[PDB]
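**Student:** Please see the structure below; I have some questions.
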Number of protein chains: 2
Amino acid sequence: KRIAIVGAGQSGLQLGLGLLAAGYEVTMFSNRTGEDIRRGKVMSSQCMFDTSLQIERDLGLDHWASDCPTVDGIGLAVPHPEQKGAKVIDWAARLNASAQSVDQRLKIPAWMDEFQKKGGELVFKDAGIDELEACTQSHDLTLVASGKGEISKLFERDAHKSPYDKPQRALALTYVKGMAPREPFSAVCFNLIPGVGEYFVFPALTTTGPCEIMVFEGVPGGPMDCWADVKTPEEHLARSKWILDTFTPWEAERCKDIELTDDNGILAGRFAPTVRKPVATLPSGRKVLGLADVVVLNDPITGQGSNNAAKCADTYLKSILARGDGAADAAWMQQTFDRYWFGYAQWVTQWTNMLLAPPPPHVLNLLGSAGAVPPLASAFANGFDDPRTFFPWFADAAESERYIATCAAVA
Amino acid sequence: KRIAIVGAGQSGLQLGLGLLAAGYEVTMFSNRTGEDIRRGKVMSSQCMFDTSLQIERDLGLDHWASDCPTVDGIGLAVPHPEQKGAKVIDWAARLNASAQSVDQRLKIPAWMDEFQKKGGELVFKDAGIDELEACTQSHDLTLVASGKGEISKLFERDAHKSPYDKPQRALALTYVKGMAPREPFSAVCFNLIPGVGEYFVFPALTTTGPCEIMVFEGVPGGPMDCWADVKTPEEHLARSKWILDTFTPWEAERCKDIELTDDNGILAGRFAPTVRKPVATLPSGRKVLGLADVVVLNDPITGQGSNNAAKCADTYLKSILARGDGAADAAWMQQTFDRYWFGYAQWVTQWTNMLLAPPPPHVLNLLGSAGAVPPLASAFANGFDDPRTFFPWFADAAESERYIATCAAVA
Ligand SMILES: Cc1cc2nc3c(=O)[nH]c(=O)nc-3n(C[C@H](O)[C@H](O)[C@H](O)COP(=O)(O)OP(=O)(O)OC[C@H]3O[C@@H](n4cnc5c(N)ncnc54)[C@H](O)[C@@H]3O)c2cc1C
Ligand SMILES: Cc1cc2nc3c(=O)[nH]c(=O)nc-3n(C[C@H](O)[C@H](O)[C@H](O)COP(=O)(O)OP(=O)(O)OC[C@H]3O[C@@H](n4cnc5c(N)ncnc54)[C@H](O)[C@@H]3O)c2cc1C
């Protein structure tokens, strides 16, 4: 009957709104006002694929579907090692159904407003242990949905599900107006710079209207680990243009007239991919359940965090509704995470952690073959909607060859 | 716009009805009349778990939900090797949401009637190559949904996805009235007879009303490979009672007054688990796409064939709808199967093929631990709704121990 959620983020608000519509009382804690989120710094590039978008549609929460530009495909380019300014790999494939990127600066505050209008109890405070202890006394279940926030470290790191304990990439985002649209269809335009990093870009919707989002990932200490000395919006734009001129001049051609969407449409940072145990025990002995990035936090190189957020919240909502009047005890909490992890997120996570490492031979054979075998490119593109479909052929050389043959036979 | 389906079975009719509601023309071929199916032999024990049932609900096809008894859990019993007539393992766990078994003898004919009333073109013929050649000339896509029927061998066996080339179990079904209901909740009551076979039983709905379905699986050539000399309905009932008296007398206690639901509520047979390539090329060079059991055929020991049928048809329908006016070429066909196989059915199949083999030590430790660690029993029970959640802990000793610890910590 009464649910508390700490952290007014994508997963937490989607869950909270779903719970209100099913007739629960929901208390939510936010450490920011909607307006400060709208006008603050960008948090994400939030490219959501069709299955995740459908989850929002089914809750009536796709309020931006008409105004957000669609992302219709996935592209991959790799610089030619010899021939200057050219590509040795350059292919694209259409997504079976469109993806969309609606800035969290728009979506989170709007969902916060809707949460209130639907009877959600929104409480504004930077919550700590004391708030969790209070919630667990007055609610049948308390979830922590606080992203990369500090209170997330209350959940114990799960070392066996976390192969990394340091950032594998130095990250940056630049939201821009004026980029030349991709033709003849839009796409996430991935650029793999061997041994250096990745640049990818795609159209999106933000607070000033349609834009494109540039995403930069640098191998730590290499030429694209290059944001430390950047201090102003204008130096950020300039450093962004520098990466494209230096490593992806074919993309620089689209960017001769780009401006920032706004001075806060920028970000630089890094974090270690981490998986945590989903049940935390408070000093009183009461329990809380972690949600989405609190328990599964991946590097954004695969564009999956917001997709995880939506699918995680959907799985948790289904689990709550099926429990009915049952107790939300530690076993039910652990089982809810297990279905999410074993059934889905372990595969998103394994795929992403593999891409962070240097690519093995069979993987380079797959990326190259895809430019000549369209069914295999199509399998790569649409694997972004459900990364389970990468297994076992992406991870294993012998299977990659069998799958290349399957694809070649229907080309 | 125009779709042909050969084989009026569960997957084919669910797909066909979904397609009619989305506004397609659908031609369907059946080699039997509805009435001969209603009054013919049983085909299945069709235990459907909640996710599969929800697929039917979302199409408006759960016409029996109110009258079919619910299956509320999963149980496992193992005879005590020493102590006569007792069990060394005996536990149960509730399903998070009910399963249901609606006899195909009821469901298929009713769906055939609905298919006609919704404008489906139902054509009665035992279809062969000539019918496929005709369909492919007059339809944008032709699917083969013909189960274990003969025309299914037009699709090439996929040897790498088929570890078996012979039946691993001798099968039998007996639908009965008069069995003592399980208390305090219903369940699939599995009985593992080491080195001999399996007996499992659960309530269901058939043409004469509620019943229970007995399922027998025997290691070939052992004491439960015992249907060859059975020739009459009465010898079938008697042989069924014999297995229970000999190997599971605790279940025999429930059966002192059982009768067959009808003389055709019996079946005995066997088949090799097989996976096939989904695209078949006709003599003319045109192509057809196989569906459900045509391309993924598992032994029924895990109760997954009808669940696969529903999830396969759902995945194929989603793929058709997203293609729109696009061509149903061999690449699109192969991609549709790949999403089903890599994303889901490879895991159902690996789990099932492992259970068919003698169980390794870590698996026997898991089954035993579950009787003392309720969260682990709960994970076993609800894994039937999505067998992806068995991996990797069921298949690997080291991971099985980590998961037993996870479960024990929240018990
Ligand atoms: C640079 C970058 C790029 C990304 N690009 C993509 C992409 O293209 N596609 C994609 O799918 N994913 C992407 N992601 C990931 C995605 O943004 C996240 O994984 C997703 O938002 C997770 O949702 P969440 O609900 O778990 O957390 P969040 O959406 O981050 O919610 C956390 C919120 O909780 C609040 N909070 C924190 N602590 C407290 C507290 N103590 N009390 C109260 N409130 C608190 C904070 O204000 C914060 O807004 C990207 C992430 C980053 C960092
Ligand atoms: C003994 C047994 C027990 C089972 N128990 C379970 C259980 O408890 N739970 C579970 O989930 N699954 C179970 N299954 C599996 C399940 O019944 C099937 O996997 C499921 O029906 C597959 O659906 P389908 O649409 O692919 O095929 P089907 O439902 O079998 O449809 C095939 C139909 O096509 C028709 N046909 C064949 N050839 C042609 C042709 N040339 N032209 C026209 N029509 C044709 C036939 O008349 C037939 O009815 C069991 C199976 C068996 C054999």
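Basis: the model, the stated rules and, where named, an outside source; these are not laboratory values. In this analysis, Cβ positions are derived from the backbone assuming ideal geometry, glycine residues included, and neighbour counts consider all displayed protein chains.
**Student:** Quick check, is residue A:310 among the small types (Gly, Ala, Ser), in a helix (DSSP H, G or I), closer than 30 Å to residue A:23 by Cβ and away from chain B (no Cβ under 12 Å)?
**Tutor:** yes
**Student:** Please work out which one of (1) exposed (fewer than 15 other Cβ atoms within 10 Å of the Cβ); (2) not assigned by CATH to the domain that holds residue A:35 is the condition residue A:138 fails and give its number.
**Tutor:** Every condition holds for residue A:138 apart from (2).
**Student:** Looking only at region B:275-283, decide whether some residue is more than 14 Å from chain A (Cβ to nearest Cβ) and surrounded by fewer than 22 Cβ atoms within 10 Å (Cβ to Cβ).
**Tutor:** yes
**Student:** Could I ask something else about it? Is there a residue in region A:50-70 that is over 16 Å from residue A:309 (Cβ atoms), surrounded by 15 or more Cβ atoms within 10 Å (Cβ to Cβ) and in contact with a helix residue (DSSP H, G or I) (Cβ under 6 Å, 6 or more places away or on another chain)?
**Tutor:** no
**Student:** Restrict the check to region A:194-202 and report whether at least one residue is away from ligand 1 (no atom under 16 Å from the Cβ) and in a strand (DSSP E or B).
**Tutor:** no
**Student:** In this structure, does residue B:78 turn out to be aliphatic (A, V, I, L, M), within 13 Å of ligand 2 (Cβ to nearest atom) and assigned by CATH to the domain that holds residue B:186?
**Tutor:** So residue B:78 does not fit the description; no.
**Student:** Go over the candidates B:93, B:172, B:99, B:180 one by one and state the one that is part of a strand (DSSP E or B) and touching a helix residue (DSSP H, G or I) at 6+ places or on another chain (Cβ under 6 Å).
**Tutor:** B:93
**Student:** Further question on the same structure: Yes or no: residue A:95 of a type in the set (A, V, I, L, M), more than 16 Å from ligand 2 (Cβ to nearest atom) and closer than 30 Å to residue B:332 by Cβ?
**Tutor:** Yes: the conditions hold for residue A:95.
**Student:** For region B:262-276, name all the residues that are part of a loop (DSSP other than H, G, I, E, B) and either hydrophobic (A, V, I, L, M, F, W, C) or touching a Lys or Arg at 6+ places or on another chain (Cβ under 9 Å) (or both).
**Tutor:** Of everything in region B:262-276, those that are part of a loop (DSSP other than H, G, I, E, B) and either hydrophobic (A, V, I, L, M, F, W, C) or touching a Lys or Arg at 6+ places or on another chain (Cβ under 9 Å) (or both) turn out to be B:262, B:264, B:265, B:270, B:271, B:272.
**Student:** Here are some residues: A:162, A:146. Which one is more than 16 Å from ligand 2 (Cβ to nearest atom), within 14 Å of another protein chain (Cβ to nearest Cβ) and among the polar types (S, T, N, Q)?
**Tutor:** A:162
**Student:** Counting only residues that are within 18 Å of residue B:310 (Cβ to Cβ), give me the helices (runs of 4 or more DSSP H) lying completely in region B:337-411 with at least 2 of them.
**Tutor:** Result: B:346-356.
**Student:** On to the next question. Can you pull out every residue in region B:102-122 that is within 22 Å of residue B:44 (Cα to Cα) and part of a loop (DSSP other than H, G, I, E, B)?
**Tutor:** B:103
**Student:** Still on this structure: So which of B:364, B:356, B:317, B:321 is touching a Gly at 6+ places or on another chain (Cβ under 7 Å) and either more than 14 Å from every other protein chain (Cβ to nearest Cβ) or in contact (Cβ under 8 Å) with a residue 40 or more places away in the chain (or both)?
**Tutor:** The conditions single out B:317.
**Student:** What number goes with the only condition from (1) more than 13 Å from chain B (Cβ to nearest Cβ); (2) in a helix (DSSP H, G or I); (3) closer than 20 Å to residue A:74 by Cα that residue A:293 does not pass?
**Tutor:** The failed condition is (3).
**Student:** If you don't mind, another one. Does residue A:392 meet the test of being in contact (Cβ under 8 Å) with a residue 40 or more places away in the chain and within 12 Å of chain B (Cβ to nearest Cβ)?
**Tutor:** For residue A:392, the condition - in contact (Cβ under 8 Å) with a residue 40 or more places away in the chain and within 12 Å of chain B (Cβ to nearest Cβ) - is not met.
**Student:** Moving to a separate point now. Looking at region B:177-192, is at least one residue closer than 24 Å to residue B:349 by Cβ, of a type outside the set (D, E, K, R), more than 16 Å from ligand 2 (Cβ to nearest atom) and assigned by CATH to the domain that holds residue B:247?
**Tutor:** Yes, region B:177-192 has at least one match.
Condition check ((1) among the aliphatic types (A, V, I, L, M); (2) in contact (Cβ under 8 Å) with a residue 60 or more places away in the chain; (3) surrounded by 14 or more Cβ atoms within 10 Å (Cβ to Cβ)) across all residues:
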site: A:146; (1), (2), (3): no, yes, yes
site: A:177; (1), (2), (3): no, yes, yes
site: A:184; (1), (2), (3): no, no, no
site: A:204; (1), (2), (3): yes, yes, yes
site: A:215; (1), (2), (3): yes, yes, yes
site: A:227; (1), (2), (3): no, no, yes
site: A:231; (1), (2), (3): no, no, no
site: A:234; (1), (2), (3): no, no, no
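**Student:** Of the conditions (1) of a type in the set (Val, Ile, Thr); (2) in the same structural domain as residue A:293 (by CATH); (3) more than 18 Å from the chain's Cα centre (by Cα), residue A:88 satisfies every one except a single condition; which number is it?
**Tutor:** It is condition (2) that residue A:88 fails.
**Student:** Let me ask something additional. Which residues, counting only those in region B:125-134, are near ligand 2 (Cβ under 9 Å from one of its atoms) and surrounded by 12 or more Cβ atoms within 10 Å (Cβ to Cβ)?
**Tutor:** B:126, B:127, B:128, B:131
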